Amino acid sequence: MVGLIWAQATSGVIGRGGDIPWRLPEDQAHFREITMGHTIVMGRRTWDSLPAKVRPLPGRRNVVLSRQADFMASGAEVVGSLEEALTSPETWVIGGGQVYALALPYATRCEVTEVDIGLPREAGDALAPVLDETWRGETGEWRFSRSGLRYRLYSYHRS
């Protein structure tokens, strides 16, 4: 199984300037819960976005997708292709915008956190993948983050 997990503003932005313009501590815990014990596949720019203190993310097989044959990610696996990374029972693609789109054909689950931040789309932003007709969503309650933004969980499944 391959899943995608991302947080987006209502507009669809997931990243800007190489990072995320919000931090919901409740979303950080949900990500650990859903990913713990499994393979996380991330692009090179998102691995760069991980603080060196926290990477690799513990309890998980960190796989970094890159076109650089010399790029090294200490404590992670660097592979040049996405399915070179899909050899475990359950795989989660943890970003970013480029790898979400590259992994969407392989994906049957999208765990999406919608952050009620009014953030207009702008050039150079990373955007969430477009989910087509095949995706069925189940929606959760609007909840309050301690960071002051509303959020809610969207679970997308497809056969």
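The numbering used is simple: start at 1 and walk along the sequence shown.
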Return whichever of 83-91 and 68-76 has the greater mean Cα B factor according to the PDB record.
83-91
Could you check the entry and say whether 9-17 or 136-144 has the higher mean CA B-factor?
136-144
Hey, out of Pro105, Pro51, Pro56, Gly43, whose CA B-factor is highest in the deposited coordinates?
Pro51
Select lowest, middle or highest to describe the third in which the CA B-factor of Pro120 falls within its chain in this entry.
highest
What third of its chain, lowest, middle or highest, does the C-alpha temperature factor of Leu4 fall into?
lowest
Temperature factor at the Cα of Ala101, chain-ranked in thirds, falls in the middle
Ranked C-alpha temperature factor of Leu127 among modelled chain residues, by third
middle
